[PDB]
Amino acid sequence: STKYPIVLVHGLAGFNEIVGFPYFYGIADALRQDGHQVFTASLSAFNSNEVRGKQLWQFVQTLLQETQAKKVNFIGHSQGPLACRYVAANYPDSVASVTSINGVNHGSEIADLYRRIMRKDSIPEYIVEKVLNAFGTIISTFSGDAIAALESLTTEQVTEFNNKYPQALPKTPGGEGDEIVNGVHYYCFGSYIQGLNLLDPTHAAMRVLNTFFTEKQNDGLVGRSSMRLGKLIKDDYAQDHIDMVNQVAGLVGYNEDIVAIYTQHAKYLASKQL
């Protein structure tokens, strides 16, 4: 068991209610089996990273009061790691670690393109259609207006965030950042789509989106290098953005045990006196 409780962090506050299961599919359940105290912070997707950061800090304050723990271990995905980074930067004595899993730490090329599409910025018709259809398929699969979530994840917006909260970012593109800054440990995981499975309709869509990145190694939403923060654990999983949280409902790539990435990392944290 970790010394400090684990807080799983993601954007999309309404996910569990709208979809009918957790964003981190089966993750909290497996972590608790291993004896860790686990909580989930589901943050507001349709606003800025700083707003999510503030929301997360309010969450953490209440949780520290309820647990009498002095710090938390953050495990964030996608939007999550940026909110985690805001909390660690402003309140480092309350944060034991930030673990980023496919975090949008340097911006999303797909969010960039989506913004050009919205601004009618000379995007050819055929590209507009491919991008929107892929996003439709992804949302439809979960559910049964997405610029709102991507607005805060463009390269321009995340560059501005990084300017304010530069802690643990790599000094060279695709490199590693410092493992410890202001006494907080930072770790990253990532993945990129590989190979030429079929039961998750989101994978085909993520592969459409993958083709529009200048960074060839990407998970459909974020380039491999953009994911980097602090010490690299592993980032060559053959998985898309959604696979890395064990979605949709456990349908992942290549029989990879996605849940095991999290439970092994929890033991790693415990080994670091976290």
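A residue's number is simply how far along the shown sequence it sits, counting from 1.
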Missing residues between residue 196 and residue 197 in the deposited sequence, please: none, 1 to 3, 4 to 9, or 10 or more. 4 to 9
Which class fits the unmodelled deposited stretch between residue 136 and residue 137: none, 1 to 3, 4 to 9, or 10 or more? none
Report the stretch with the higher mean CA temperature factor, choosing between 100-108 and 128-136 on the basis of the entry. 128-136
Segment of higher mean CA temperature factor, 225-233 or 201-209: 201-209
In terms of CA temperature factor as recorded, identify the highest of 120, 71, 77, 85. 120
Criterion, highest CA B-factor; candidates, 157, 167, 143, 191: 143
Quick one: classify residue 240 as lowest, middle or highest third of the chain based on its Cα B-factor. lowest
Could you say whether, by C-alpha temperature factor, residue 34 belongs to the lowest, middle or highest third of its chain? highest
Within this chain's modelled residues, let me know which third the CA B factor of residue 92 belongs to: lowest, middle or highest. middle
Hey, what third does residue 274 fall into on Cα B-factor, ranked over its chain? highest
What third of the chain, by the recorded C-alpha B-factor, contains residue 153? lowest
